[PDB]
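First, one chain by itself in structure tokens, the form deposited in one PDB entry.
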């Protein structure tokens, strides 16, 4: 089921999320949440969604693309469940990108994030990963993980001048 997505301004989006436990990921409630998050993300044409965005302060993230219409020229992102993620930049190099966020509807802002990162995480089966990630995916993960730290992309704008409403940015 689709859950309501919280908008910037809701203090929940600025709070820190609690990590999920191995016991937790086996409960029906957890499974139902993941299902709703995917429904919610897909319906909103999102490429990622963090639990906080739907009111749950838990380190739960879902990603997944396939011809995303909100971010036109980006590569698809395979569906994954990212739990308790921890990202560490591996480079000072950045690949600027005009980010958007389901919690900041109608806008885009230019953000420069490290283009190569290390991410440690756990999936829905309790498997642990520790991989190097780059490209678009690296941007998505940093964006999603920021949500778990109560961080929104507007907090990382390179320049408030490079920020605006979609329809206007598109016409300019």
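Numbering follows the first chain given and starts at 1. So that the term is clear: the rigid core is the largest set of C-alpha atoms that superpose within 1.5 Å between two forms.
The same protein has a further form, the form deposited in another entry, not shown here; the description that follows concerns it.
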Moved residue between this form and the one not shown - picked from 130, 67, 29, 45, where its Cα shifts 2 angstroms or more relative to the rigid core: 67
Inter-Cα distance between residue 69 and residue 131 in that other deposited form, nearer or further [3 Å or more]: closer
Closer or farther in that other deposited form, the Cα atoms of residue 69 and residue 52, when the shift from this form is 3 Å or more: farther
